[PDB]
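This document starts with one chain, in the form solved without the partner chain, laid out as structure tokens.
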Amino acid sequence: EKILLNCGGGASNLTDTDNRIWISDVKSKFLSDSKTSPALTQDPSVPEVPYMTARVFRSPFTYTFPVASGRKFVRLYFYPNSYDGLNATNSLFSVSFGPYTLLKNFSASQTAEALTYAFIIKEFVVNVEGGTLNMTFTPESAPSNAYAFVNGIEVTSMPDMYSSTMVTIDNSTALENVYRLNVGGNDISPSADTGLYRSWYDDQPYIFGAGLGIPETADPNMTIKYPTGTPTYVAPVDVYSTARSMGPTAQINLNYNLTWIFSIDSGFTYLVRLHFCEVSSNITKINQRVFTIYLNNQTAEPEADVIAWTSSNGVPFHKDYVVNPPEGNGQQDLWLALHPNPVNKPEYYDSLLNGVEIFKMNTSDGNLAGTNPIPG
């Protein structure tokens, strides 16, 4: 159950580099006057679908989607560029879904340059109470000729997966997914996900130190055995089948932290889901691999031990933590770090992580919009 809307598309269907079919919005029943435009310049790193066309808004504009009630992935696709004669500099706008502000004075141009991406996918988890999802694009008034645009819109059905421990999430809290990592493994494209069209990304660009540890992969004879009550779609087999650990030398592992850093917007509470699965055949018992998990240099799990959590090799497991980052304005770094805990003299001195998902949670105002990041 999904809608892949290629805003400003041509008449005929186009498939992207992941074998997904996108439909044009040009005469669709989702429009509620805007202009259509190819992007002026091309980037070889940017797919053609849906990024080489946009719909351009010089005044407020609402898409309406007939949907079943329930929770939704809403994913918005932006390739900053010149559209309809207007340079990417002049694009500043807001996006509202009912009570929630998803974007506010959003600059795709400045956000892309800060993060060194050529294009932007914004992912939101929202609950639609009724039979329609309305999303309103509103150019800022502040620059006199400011405009809004969008390259594509995706709406996907989902179970209630990410709901309810600081270092309640429910029907009324919207999320923005800011990160999703397959730790120790490869990228997973949306169509290789478990039916939720989530992108998982290799974790290596986020490792802080020179301490990259080592990748580990499940043996081919090992099955990933989700327990009854943990849905198999919580994360793909390839997330749990791969992991990063610290290395084979105990003395080295005692002297560094396996560390990942994530740029986040200040002023929000963050949900961090950590995924685990003991992938080494050499590890089957309690007190063989025991480690401490630090979030933002604070103890979050004193003695994580995946066999004590899962009872057995090759069993997928996850745990959620909420982080309240320090008082701030702009962007700051969120620190995740693993370190062996030798106090109970485990057999090895090592740590383990298989995946991570990080979500911004909305403030009480219904806001999810942060500031635009500043380039280096």
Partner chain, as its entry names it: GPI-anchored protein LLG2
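Positions refer to the first chain, counted from 1.
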Exercise. Enter the number of deposited residues without atomic coordinates between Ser32 and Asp33, binned as none, 1 to 3, 4 to 9, or 10 or more.
Key: 4 to 9
Self-check item: Extent of unmodelled deposited sequence, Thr165 relative to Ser164
Solution: 4 to 9
Exercise. May I ask you to compare 269-277 and 283-291 by their mean CA B factor in the entry and name the higher one?
Key: 283-291
Quiz prompt | Greater mean Cα temperature factor according to the PDB record, 106-114 or 178-186 | solution = 106-114
Self-check item: Given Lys345, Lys319, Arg55, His339, the residue at which the Cα B factor reaches its maximum
Solution: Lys345
Quiz item: Between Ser199, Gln251, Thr242, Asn87, where does the Cα B-factor run highest in the record?
Solution: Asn87
Exercise. Just say lowest, middle or highest third for the CA B-factor of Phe208 relative to the other modelled residues in its chain.
Key: highest
Quiz prompt | Modelled-residue ranking by C-alpha temperature factor, third containing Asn151 | solution = lowest
Quiz item: Thinking about Cα B factors across the chain, which third does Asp350 belong to?
Solution: lowest
Practice problem: Quick one: classify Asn255 as lowest, middle or highest third of the chain based on its Cα B-factor. | Solution: lowest
Quiz item: If you rank every modelled residue in this chain by C-alpha B factor, which third holds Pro80: lowest, middle or highest?
Solution: lowest
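The same protein also exists as the form deposited with the partner chain bound; that form is not shown, yet it is the one meant from here on.
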Exercise. Go through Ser280, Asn257, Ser163, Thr269 and name the one with a heavy atom inside 4.5 Å of the partner chain in the entry with it bound.
Key: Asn257
Quiz item: Which one, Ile293, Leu103, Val126, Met246, lies within 4.5 Å of the partner chain in the entry with it bound by heavy atoms?
Solution: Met246
Quiz item: Wondering, does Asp333 line up within 4.5 Å of the partner chain in the entry with it bound on heavy atoms?
Solution: yes
Quiz item: Applying a 4.5 Å heavy atom distance criterion, does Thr228 contact the partner chain in the entry with it bound?
Solution: no
Quiz item: So in the entry with it bound, does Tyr233 come within 4.5 Å of the partner chain, heavy atom to heavy atom?
Solution: no
Exercise. Please check if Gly213 has a heavy atom lying within 4.5 Å of any heavy atom of the partner chain in the entry with it bound.
Key: yes
Exercise. Report the stretch among 281-289, 219-227, 248-256, 184-192 that approaches the partner chain in the entry with it bound to within 4.5 Å, counting heavy atoms only.
Key: 248-256
